[PDB]
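Worksheet: the structure to be examined is printed underneath.
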Amino acid sequence: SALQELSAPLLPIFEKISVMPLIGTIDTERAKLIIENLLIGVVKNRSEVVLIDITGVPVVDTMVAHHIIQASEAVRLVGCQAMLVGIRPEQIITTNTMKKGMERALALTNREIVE
Amino acid sequence: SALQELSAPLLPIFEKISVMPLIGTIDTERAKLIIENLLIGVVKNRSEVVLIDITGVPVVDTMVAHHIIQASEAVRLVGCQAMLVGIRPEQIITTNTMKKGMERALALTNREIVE
Amino acid sequence: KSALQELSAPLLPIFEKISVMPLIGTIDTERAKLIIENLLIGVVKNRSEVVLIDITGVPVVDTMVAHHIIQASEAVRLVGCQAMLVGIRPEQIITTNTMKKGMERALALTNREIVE
Amino acid sequence: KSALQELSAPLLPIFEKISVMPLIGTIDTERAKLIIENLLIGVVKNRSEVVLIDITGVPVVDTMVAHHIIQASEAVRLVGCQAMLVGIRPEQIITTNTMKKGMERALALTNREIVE
Amino acid sequence: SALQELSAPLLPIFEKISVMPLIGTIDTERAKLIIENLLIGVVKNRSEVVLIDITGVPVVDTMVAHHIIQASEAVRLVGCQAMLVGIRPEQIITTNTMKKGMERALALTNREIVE
Amino acid sequence: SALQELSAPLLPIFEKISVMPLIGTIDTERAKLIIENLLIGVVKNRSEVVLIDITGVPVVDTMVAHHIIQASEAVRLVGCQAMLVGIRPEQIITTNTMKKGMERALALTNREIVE
Amino acid sequence: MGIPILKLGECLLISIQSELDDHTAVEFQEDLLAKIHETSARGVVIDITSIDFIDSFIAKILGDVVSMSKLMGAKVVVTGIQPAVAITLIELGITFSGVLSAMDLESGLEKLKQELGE
Amino acid sequence: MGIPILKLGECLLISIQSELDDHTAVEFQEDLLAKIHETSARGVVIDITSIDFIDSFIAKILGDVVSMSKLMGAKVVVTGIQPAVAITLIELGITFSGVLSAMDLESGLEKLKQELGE
Amino acid sequence: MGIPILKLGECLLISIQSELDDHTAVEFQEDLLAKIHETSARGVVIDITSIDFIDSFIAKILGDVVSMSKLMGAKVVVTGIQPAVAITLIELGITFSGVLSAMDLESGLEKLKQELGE
């Protein structure tokens, strides 16, 4: 009864996240890394634009932000909410919108949409 | 909760269908068509690459792959299964995987990706 | 007995394979890797531990040794880590996924292009 | 248990390493070689037995399978036979001097030249 | 007879039907079909320019103008008469005259006749 | 029953002779010269491949070959059999196959086929 | 009277206000076919954005005037469709092929005027 | 085995021996689909040249698997239909549009080289 | 009976599903050259990707159909030799020169169209 789905637009493996405001879903730490190296995926997005909120622990969410940097390549938090990032108890690359984070992902593997 | 999935690269806009093979989830239609006019989403991918079997009433699924065409451009059901095609008591574009449906989606809106 | 570990030497960007040894007497690959780093002039090397599971509690003998080669000759890189190996990190360094695309950017840093 | 001889997996020439393992009971260097030859493809491959003293009386597991791997792996080649090792002469296969000028001619057989 | 009517010119051939509007001639359904796997006849015509009339049985005639659509390619009728076309109990490509039927048959085999 | 082939692609003329090797059917000389000047038929063929054998009737048949050479132009014969030409009690231009007999007809009236 | 045809040069736009009556659907069918008879149109763009629900008798009428004006000789293009009426168009025997639907009114003339003569 | 082993150059090439039953043809549809799951090919070539008889029950399966593997995501040609089976196949009332039947196996892949990879 | 053959134009993509004995194999071997001379053949692509084990009663035939079909007037390749079946050829008196082995059925045409045509 758990689900954190993914996709594959042919070089990068981006990921989607609906609101999981809990800690029993530790799977996105683990079920991402196993499909990360199952097929050779270079870039891995997050796309957590629909998430309110982070309660006290993005330690899981920032371990995996530095796991895949030293596993394969360059994660990208996408469109973190303004009310969410005000939590700062305590780098990486990031963006504002899902439609343009994919474009700057393509520039970091040297491809681009044409015409 | 009961909220399936929605993504948005916004030049097309696609989506992932998880394993909820029950007829009581009509909400996957009503969560899709609400954003089809709230944003300018031309073409779309249902992308049901993870599923087990439909019950026998697919007119919540094979007809919502017709009434997207009333609102916008077409639909590209990705990755049907072994027992899925094996029963047909019942057209559409129906490509193979996610990495090639996105290629023809830009090709049916006159775009491509080379560098 | 098993004091043999591994070495190889291709064209000038060399590499050094590492098979399974999850021990604490692994100071040999801390030492015998750096020996060939100036016995022959190899600029950039690899580690290639894509089959090594796992390390117990010692990246100090595994990642600070990736700082000697930064100052011995030049910039070793880790070639592939298993997901459950790096799944615990209470701890930077360039890395890659597989050898067939790690050896591509090895030639980029040492000015070679394998095309025809 | 020492369940390793060696096997690497780089870009399409997938070479190999062999330490001093001069005993007939090491038949494990055959199925570990055969199973990878259709796991990925490999249009050429090397052996690199630069450290071995010495083959006792059995090249019929070393040089016999070199034509029993032409059936799959397309012309294996030996890299760097030792001085005293070739004194073994019971009674062919492409060979070379070392890896840095064995890999290059193994790149010539797969439409790849070194260009800077 | 039992060897009724055919010829065999260059790669798209033809057929030819004189006056014999009897149901007992089931051979023109079969005896033409033996030739289609004998040699590779891609496109073939009918040329029923003299026949009045098919009474109630085009099952021997029009259904065998559906077999070559699934055998090889593009059958076409040449010049149905002005009285036979009023008789319609129940599509395909069809024409008026044998010379103009041959030329548009040579466009489906990618050739022409003009010097 | 006493009628064989009113037959033309109308710049040349095709014709087919099936099995009726008897002296009573002289109508293939009479009725074939009728359509010969009813249209502009320059060249015409015979294509007597299904004809075994001629008993004593070239005295009708080759007299037709004496007619189109003085009516319009250069009648030719296609596909005489082995035992058919063995009959020699006692000329013209002959060929072997219908697909290449048309080429020597079109080369005699200066037309060629591209592609 | 509430259903105003308006020319734009070989194209006839139209709008539909807040409908609550089948009596409009017999009033509306006349003026669409009459104006396309007099003005020699070649493509009609219909905007139905301001409706919340269309009854099955009315959708029988609006689903037929895309064929009558097609049979008149102009390609009909239906733009501005609210999605909540499309679920009510599921159970109807809809064979909407050649209707050439779109999303908004900018998507009207970027589709039809491109696909007609120009 | 009855079913063949089949893989050829970004396409597929499946042969069919002489068969008579629909106890083979039921698993045979799964034997074709389970390959096109793992092997991602954009077209198969079914060859039924060796058969001389197909009953009206078995003709449903070969009347389905053309439409089935299209829904999987690959075009389907059917090459070399014999004249005896092609007569009785029509008595199963077809709506065959999307069959693309070639004449022999040599000209078969010249059609899928025209469809796939222009 | 069992083992088919199929043409592609100056080629022969024969296959082997499973082998039992020489009586099937000689029936297979007699089927090969009878299908060589009936058509015009230039290169035979033998697929053996589905054989578990072999013995010298069978492998002597498959080790010599190269020597048969080369004399008949066509080259041959043996694509897809399994690992366990290749190590069971060590007892044989090796004359496998010009057998021109490959890895899979795709790469058979890669090493055969290089020998012949574009």
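Cβ coordinates were reconstructed from backbone atoms using ideal geometry, including for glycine residues, and neighbour counts include every protein chain displayed. Laboratory data are not the source of any read-out in this text; all were calculated from the coordinates shown.
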Within segment E:25-62, restricting to residues that are of a type in the set (S, T, Y) and within 24 Å of E:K100 (Cβ to Cβ), the one that is surrounded by the most Cβ atoms within 10 Å (Cβ to Cβ) is E:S47
Subset of segment B:80-99 [in contact with a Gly (Cβ under 9 Å, 6 or more places away or on another chain) and facing chain H (nearest Cβ under 8 Å)]:
B:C80, B:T94, B:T95, B:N96, B:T97
Just to check your reading of the model, which residue among H:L6, H:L33, H:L89 is in contact with a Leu (Cβ under 8 Å, 6 or more places away or on another chain) and on the phi < 0 side of the Ramachandran plot?
H:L6
Against the conditions (1) buried (at least 17 other Cβ atoms within 10 Å of the Cβ); (2) within 24 Å of D:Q92 (Cα to Cα); (3) acidic (D, E), where does D:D54 fall short? Just the number, please.
(1)
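Let's see how each residue does on (1) under 18 Å from E:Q4 (Cα atoms); (2) in contact with a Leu (Cβ under 8 Å, 6 or more places away or on another chain); (3) polar (S, T, N, Q):
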residue	(1), (2), (3)
F:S7	yes, no, yes
F:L11	no, no, no
F:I17	yes, yes, no
F:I26	no, no, no
F:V50	yes, yes, no
F:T55	no, yes, yes
F:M63	no, no, no
F:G79	no, no, no
Check off (1) part of a helix (DSSP H, G or I); (2) over 20 Å from C:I93 (Cβ atoms) for C:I69 and give me the number that stays unchecked.
(2)
Six or more apart or on different chains, Cβ under 6 Å: which pairs go from a residue in segment I:94-118 that's away from chain D (no Cβ under 12 Å) to one that's of a type in the set (S, T, Y) and assigned to a loop (DSSP other than H, G, I, E, B)? Could you list them?
none
Taking segment D:78-100 as the search range and keeping residues that are surrounded by 12 or more Cβ atoms within 10 Å (Cβ to Cβ) and within 14 Å of chain C (Cβ to nearest Cβ), which one is farthest from the chain's Cα centre (by Cα)?
D:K100
Could you tell me whether segment G:72-88 includes any residue that is surrounded by fewer than 15 Cβ atoms within 10 Å (Cβ to Cβ), away from chain B (no Cβ under 14 Å) and out of contact with any helix residue (DSSP H, G or I) (no Cβ under 7 Å at 6 or more places or on another chain)?
yes
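In segment F:1-39, which residues are among the aromatic types (F, W, Y) and more than 10 Å from every other protein chain (Cβ to nearest Cβ)? Let's see the steps before the verdict.
If we filter segment F:1-39 for residues that are among the aromatic types (F, W, Y), which is where we start, we get F:14.
Correct list: empty.
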How about segment C:9-27: which of its residues are more than 10 Å from chain D (Cβ to nearest Cβ) and exposed (fewer than 15 other Cβ atoms within 10 Å of the Cβ)?
C:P22, C:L23, C:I24, C:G25, C:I27
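In the list C:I53, C:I70, which residue meets the criterion of being over 11 Å from the mean Cα position of the chain (by Cα) and away from chain A (no Cβ under 14 Å)?
Working: C:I53 fails: away from chain A (no Cβ under 14 Å).
Going through C:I53, C:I70 in turn, just one is over 11 Å from the mean Cα position of the chain (by Cα) and away from chain A (no Cβ under 14 Å): C:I70.
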Selection from segment I:15-39 of residues that are within 12 Å of chain H (Cβ to nearest Cβ) and of a type outside the set (A, V, I, L, M, F, W, C):
I:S15, I:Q17, I:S18, I:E19, I:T39
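Rundown of residues vs (1) buried (at least 19 other Cβ atoms within 10 Å of the Cβ); (2) of a type in the set (A, V, I, L, M, F, W, C), yes/no style:
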position	(1), (2)
G:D22	no, no
G:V26	no, yes
G:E30	no, no
G:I36	yes, yes
G:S40	no, no
G:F53	no, yes
G:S56	no, no
G:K60	no, no
G:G63	yes, no
Restricting segment F:100-115 to residues that are of a type in the set (A, V, I, L, M, F, W, C) and more than 10 Å from every other protein chain (Cβ to nearest Cβ), the residue that is nearest to F:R76 (Cα to Cα):
F:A105
Residue check for A:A71: at the interface with another protein chain (Cβ under 9 Å from one of its Cβ atoms), small (G, A, S) and over 13 Å from the mean Cα position of the chain (by Cα)
yes
